[PDB]
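Enquirer: Quick one, what's the 3D model for this:
(one chain, ligands or ions: 10)
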Amino acid sequence: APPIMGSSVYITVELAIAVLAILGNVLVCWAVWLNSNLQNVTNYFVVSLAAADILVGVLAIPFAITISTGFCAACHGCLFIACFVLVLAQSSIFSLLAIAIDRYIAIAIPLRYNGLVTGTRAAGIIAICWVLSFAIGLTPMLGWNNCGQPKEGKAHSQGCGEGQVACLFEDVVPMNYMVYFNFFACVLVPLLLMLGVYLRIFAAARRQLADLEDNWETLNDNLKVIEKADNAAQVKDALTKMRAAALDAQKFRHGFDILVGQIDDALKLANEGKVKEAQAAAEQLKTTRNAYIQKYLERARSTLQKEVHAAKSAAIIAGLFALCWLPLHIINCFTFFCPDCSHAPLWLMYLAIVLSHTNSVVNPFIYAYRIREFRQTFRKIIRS
Ligand SMILES: CC(C)CCC[C@@H](C)[C@H]1CC[C@H]2[C@@H]3CC=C4C[C@@H](O)CC[C@]4(C)[C@H]3CC[C@]12C
Ligand SMILES: CC(C)CCC[C@@H](C)[C@H]1CC[C@H]2[C@@H]3CC=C4C[C@@H](O)CC[C@]4(C)[C@H]3CC[C@]12C
Ligand SMILES: CC(C)CCC[C@@H](C)[C@H]1CC[C@H]2[C@@H]3CC=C4C[C@@H](O)CC[C@]4(C)[C@H]3CC[C@]12C
Ligand SMILES: CCn1c(=O)c2c(nc(/C=C/c3ccc(OC)c(O)c3)n2C)n(CC)c1=O
Ligand SMILES: CCCCCCCC/C=C/CCCCCCCC(=O)O
Ligand SMILES: CCCCCCCC/C=C\CCCCCCCC(=O)O
Ligand SMILES: CCCCCCCC/C=C\CCCCCCCC(=O)O
Ligand SMILES: CCCCCCCC/C=C\CCCCCCCC(=O)O
Ligand SMILES: CCCCCCCC/C=C\CCCCCCCC(=O)O
Ligand code: NA
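Expert: Numbers count the residues shown, from 1 in each chain. Ligands and ions are numbered 1, 2, ... in the order given. Right below this line is the structure:
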């Protein structure tokens with residue numbers, strides 16, 4: 001069948017993806033610009049990620065359509081249009097890794113997050129990562145390319161001029177670059193690092209939630225011990241365990257000041273050997289526990305759960321990047337590692353290419369479905 005027929009389907013799908021990638025990610029950027037509640041370091045990387053996806057629609061997809069025709073081109077110009085998408089993919093990887101690390105910092109040392117992770121430092125990291133993404137993605141332009149061994153028969157068949165080649169991705173970009181350097185080193189390794197960071201995030205959240213419940217039970221258990229104690233040493237022993245837990249859980253303020261003071265009150269009575277007076281003093285702790293401590297427990301738990309939800313949302317974005325890009329990389333591995341295997345058919349090549357491009361569509365939906373502040377800002381932008 002005439003190649004223009006299957007090409008027309010491929011090109012139409014690519015153009016549809018480009019429109020959606022631009023519209024959704026412009027909406028992401030407009031939301032962050034407009035809503036100061038969305039202006040935080042995490043979302044600056046989200047914006048850098050949306051900018052990469054906008055450029056997939058504006059430049060990488062037009063470049064992909066162009067290179068699918070095999071048109072005659074100077075080889076190094078062909079190389080640029082082949083490799084620019086690698087810059088955008090690499091920038092996306094750096095942004096995704098930064099988001100994971102940012103969420104790990106927020107959960108693991110929340111007391112120093114705002115002093116460690118600042119807007120000015122985020123902007124510098126983003127700038128550095130874009131420079132590194134150009135260097136990584138355009139490495140073939142530095143000489144790791146097949147321009148030295150042009151396919152002259154294909155060039156002559158298409159009437160190409162001197163110094164020109166039929167511009168085809170796999171004719172100019174070396175497959176050892178794509179597999180060993182781009183895929184294994186620059187894509188697979190960062191994704192595996194992201195997985196490790198997310199495991200650390202979720203393990204830290206789970207452990208901290210367990211610590212909240214352990215301290216809550218320790219408070220209530222030791223109150224019961226005092227209640228059914230028959231001597232002052234037992235009351236003193238249990239209160240000493242309560243005091244260290246109360247101060248450790250303090251690490252509002254009034255509630256914990258009352259709690260520790262009332263523990264000290266009962267402890268002084270215990271040490272004077274006045275058991276009944278110490279047991280009555282310790283029962284007062286229940287009023288403080290009900291009015292203050294459980295409210296702190298529930299808010300801390302609610303904050304940790306919100307952090308889990310945000311980390312899950314970020315992990316979905318990273319996982320969808322892997323799901324959308326792995327098929328094309330895996331196909332490249334078959335092309336490279338199995339020269340006895342027939343090349344993946346053209347329709348599958350174009351399916352894998354369009355799938356990688358659909359990743360630039362999906363993030364705005366994840367934010368809309370998973371982040372109320374985005375979803376609410378999206379609605380206000382669309383309605384207004
Ligand atoms: C700021 C944005 C809009 C700039 C976009 C510039 C793009 C469209 C330009 C910059 C470099 C250009 C390439 C440079 C060299 C060649 C080799 C020639 O034999 C065919 C055209 C080709 C392949 C050009 C295509 C268009 C190109 C990719
Ligand atoms: C990332 C997740 C979704 C897994 C994706 C698996 C895909 C990329 C795998 C599964 C089966 C694979 C195919 C199995 C067999 C062949 C025949 C060979 O002559 C060319 C490669 C080709 C055509 C493979 C291409 C890649 C392939 C389609
Ligand atoms: C966690 C996972 C997704 C990491 C990536 C796995 C990749 C590197 C694996 C999954 C399946 C593998 C392929 C399975 C089969 C073959 C055919 C063989 O003749 C050459 C190697 C080759 C082509 C493998 C290359 C590496 C490969 C593509
Ligand atoms: C991730 C980086 N990357 C690639 O790796 C990639 C790729 N296109 C191809 C292969 C195209 C192709 C192969 C064989 C053909 O004829 C038999 C043919 O007509 C086209 N590949 C391998 N692109 C899209 C521009 C891309 O973005
Ligand atoms: C604000 C955007 C500024 C853009 C600066 C230029 C960006 C792209 C530049 C083109 C890459 C170099 C030319 C491509 C290869 C030339 C072909 C050849 O060498 O024969
Ligand atoms: C708003 C940004 C606009 C910039 C992108 C516009 C579309 C770019 C599409 C691909 C340019 C490369 C096509 C050049 C074909 C050359 C044909 C020939 O060799 O005679
Ligand atoms: C915001 C603007 C984005 C870009 C708009 C322009 C759309 C470009 C669409 C595809 C360009 C394909 C160029 C054709 C390649 C040359 C064909 C040939 O020489 O055989
Ligand atoms: C081809 C280049 C390869 C080397 C890449 C160099 C990496 C960074 C280059 C210049 C970075 C410019 C931005 C500096 C601001 C950083 C401040 C900060 O970290 O907060
Ligand atoms: C293949 C790509 C090779 C990259 C070479 C690495 C060189 C760049 C390394 C990291 C840049 C560190 C940023 C330092 C700039 C100033 C920092 C500061 O002032 O706080
Ligand atoms: Na992306």
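
Enquirer: Next up, the contacts around the one residue in the stretch 251-384 of the chain that gets nearest to ligand 5.
Expert: Using Cβ to the nearest ligand atom, the point where the stretch 251-384 of the chain gets nearest to ligand 5 is residue 360, with a distance of 20.2 Å. The way it works is simple: take the backbone N, C-alpha and C, and place the C-beta from them, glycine included. If you count contacts by Cβ atoms under 8 Å, 6 or more residues apart in numbering, residue 360 has them with 17, 21, 25, 52-53, 56-57.

Enquirer: hang on, residue 273 in a strand?
Expert: No. Using DSSP: H, G, I helix; E, B strand; the rest coil, the assignment for residue 273 is coil, not a strand.

Enquirer: how is this structure carved up into domains?
Expert: The record, using automatic domain parsing to delimit domains, assigns the chain the ranges 3-173+345-383, 209-298.

Enquirer: where along this structure do the strands fall?
Expert: The residue ranges that make up the strands of the chain, judged by DSSP state E, are 72-74, 164-166.

Enquirer: Could you see whether ligand 5 lies near the first one?
Expert: I take that to be strand 72-74. Yes. Strand 72-74 comes into contact with ligand 5 (Cβ under 6 Å from any ligand atom), by way of residue 74.

Enquirer: helices and strands around that strand, which ones?
Expert: For strand 72-74, the contact count by 3 or more Cβ pairs under 8 Å, 6 or more residues apart in numbering; DSSP states H and E identifies strand 164-166 as packing neighbours.

Enquirer: Can you name the residues in contact with the strand it packs on?
Expert: Here strand 164-166 has contacts from 70-75, 78, 147, 150-151, 154-155, 157-158, 160, 171-172, using Cβ under 8 Å, 6+ apart.

Enquirer: What strands line up against it, and which way round?
Expert: Listed by DSSP bridges, the sheet partners of strand 164-166 and their directions read strand 72-74 (antiparallel).

Enquirer: What about the closest residue to residue 227 other than its chain neighbours, how many residues nearby?
Expert: Leaving aside its sequence neighbours, residue 227 sits nearest to residue 279 (Cβ to Cβ, 6 or more residues apart in numbering; 6.8 Å). Residues within reach of residue 279, counting by other Cβ atoms under 10 Å, total 21.

Enquirer: And residue 330, by the same measure?
Expert: Neighbour number of residue 330 under other Cβ under 10 Å is 13.

Enquirer: now swap in residue 368 and tell me
Expert: Burial measure for residue 368: 19 neighbouring residues, criterion other Cβ under 10 Å.

Enquirer: if I look at it, how far off is ligand 4?
Expert: Relative to ligand 4, residue 368 is positioned 27 Å away (criterion: Cβ to the nearest ligand atom, to the nearest Å).

Enquirer: Relative to residue 361, how far out is that residue?
Expert: 12 Å (Cβ to Cβ, to the nearest Å).

Enquirer: Kindly report the same for residue 373.
Expert: Distance, residue 373 to residue 361, by Cβ to Cβ: 21 Å.

Enquirer: Give me the more crowded residue out of the two.
Expert: Regarding residue 373 and residue 361, a neighbour count based on other Cβ under 10 Å identifies residue 361 as having more, with 22 against 13.

Enquirer: what's the closest non-adjacent residue to the more buried one?
Expert: Closest residue to residue 361 apart from its sequence neighbours, by Cβ to Cβ, 6+ apart: residue 20 at 4.7 Å.
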